[PDB]
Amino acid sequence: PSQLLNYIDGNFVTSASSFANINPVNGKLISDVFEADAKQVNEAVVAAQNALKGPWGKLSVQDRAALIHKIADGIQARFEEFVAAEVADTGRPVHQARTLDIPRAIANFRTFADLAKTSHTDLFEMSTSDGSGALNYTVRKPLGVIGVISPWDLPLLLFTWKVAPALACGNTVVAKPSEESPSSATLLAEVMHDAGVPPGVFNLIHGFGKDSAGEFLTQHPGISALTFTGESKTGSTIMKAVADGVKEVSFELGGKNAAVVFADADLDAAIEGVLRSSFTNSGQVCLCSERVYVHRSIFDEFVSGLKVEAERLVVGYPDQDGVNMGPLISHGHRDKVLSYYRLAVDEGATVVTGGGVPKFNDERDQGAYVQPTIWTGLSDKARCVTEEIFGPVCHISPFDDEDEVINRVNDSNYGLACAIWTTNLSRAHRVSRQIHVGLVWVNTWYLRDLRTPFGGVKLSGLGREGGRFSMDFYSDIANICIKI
């Protein structure tokens, strides 16, 4: 049907082999995607290094920012095409693509263009023995060639989350989107081309990880940095792969995030919030809550309430009326999720709702759907309470005491996000600062200010991105000291 090409040194190019892009709604072939080989990857990196010496490297910060705004304009002008591309690849509801995914990708470019325009560096004066003094000033320069490897849960959002600041800081890019979701990135390349981004500045390579484009990219000595969002295990692998070149790295990895509902929470608001934090994108967001802790005094009522709301969720077509949830990304991912559904029963869970796959009795039965699922009854040590499942599921457990629940939230090798529900002023601030995660929300979930630092602790990440943190990571910070 469609073909998704690579984009290398200003041209769309095919490849020797291609792989299948499968619509998870109905199991059908969407497109063939040409897999970049090591030769093509090297050509992309070499093109990126050279482009640093071309027109791009000569642009003022203002001209660079203006061009980046043009990239955003071009996405905006093809908004519905990008919507259709994200949807076809992932089965996400159209409304979500229209309200979250595509706007945020546009916003990624604008915000970092803006940050680039307004950012400055530092001036330090000092005295010296000869009483004449000295000046130290800092400058931001492009780091060089940035390798980008991105996942399939929020394909264009996370892809642009990395590409936007990379370009805003004057770097050049070689980027490999998830093999599960390569469409919107390919459209982005067309927008880059049409906007007049110079050849070699942005390069798109398609492929898998190991023994494919992903691995070839991480191993190339020509990149200056590798920014990556994905599985924790994959982060470790990549970190080993770039260690010999001491490449700069930035990792946003797994999580087993908790939501906590205190007895003084607005209960209806918390039920709705947790529904959202557990089942958005069918539980396929790094930020989703797979552990929920609810005060003993409201536990039964919270659980009954969430069950009803979960069962009201419409699981169906992306453009179906009132749809809330699409399928999982792939049959392969469904197999992982269902084996955890199985594991939970074996570990002693009560299945409050879901626990299987919906039966549609139409073509969607050939897709990769599962049911939104709630468990109770597992110990804090259960595998299903400790390992990231990355599906539409949450286990819910009671607690009695604030310090107790804080300790249970923190008792994890992960540390990405946490959502806390309480109407109490002191409790909100006191509790939040004690959660060992990069991001806490109070009385909401996944509310984003793009200027904030974003990242995780422990196995969930290395480094911070967002705002000035991206401006620092994607730049060479250099100190120049002048003796006066």
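Each residue number is its position in the shown sequence, starting from 1.
Peer 1: Averaging C-alpha B-factors over each stretch, which comes out higher, 58-66 or 437-445?
Peer 2: Per the deposited B-factors, the answer is 58-66.
Peer 1: Comparing 123-131 with 80-88, which stretch shows the greater average C-alpha B-factor in the deposited entry?
Peer 2: Per the PDB record, 123-131.
Peer 1: Going by the entry, which of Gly305, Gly283, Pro327, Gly322 has the most elevated CA B factor?
Peer 2: Top of the list by C-alpha B-factor: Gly322.
Peer 1: So if I compare the CA B-factors in the entry for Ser278, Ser397, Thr218, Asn257, which one is the largest?
Peer 2: Answer for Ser278, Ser397, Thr218, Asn257: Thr218, with the highest C-alpha B-factor.
Peer 1: Could you tell me which third, lowest, middle or highest, the C-alpha B-factor of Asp266 occupies within its chain?
Peer 2: Middle third, going by the recorded CA B-factors of the chain.
Peer 1: Pull the Cα B-factor of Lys39 out of the PDB entry and bin it into the chain's lowest, middle or highest third.
Peer 2: Highest third, going by the recorded CA B-factors of the chain.
Peer 1: What third of its chain, lowest, middle or highest, does the C-alpha temperature factor of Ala72 fall into?
Peer 2: As the PDB entry reports it, the C-alpha B-factor of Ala72 lands in the middle third of its chain.
Peer 1: How does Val46 rank on Cα B-factor within its chain, lowest, middle or highest third?
Peer 2: Middle third.
Peer 1: Against its chain's modelled residues, does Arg110's Cα B factor rank lowest, middle or highest third?
Peer 2: For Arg110, the deposited C-alpha B-factor lands in the lowest third.
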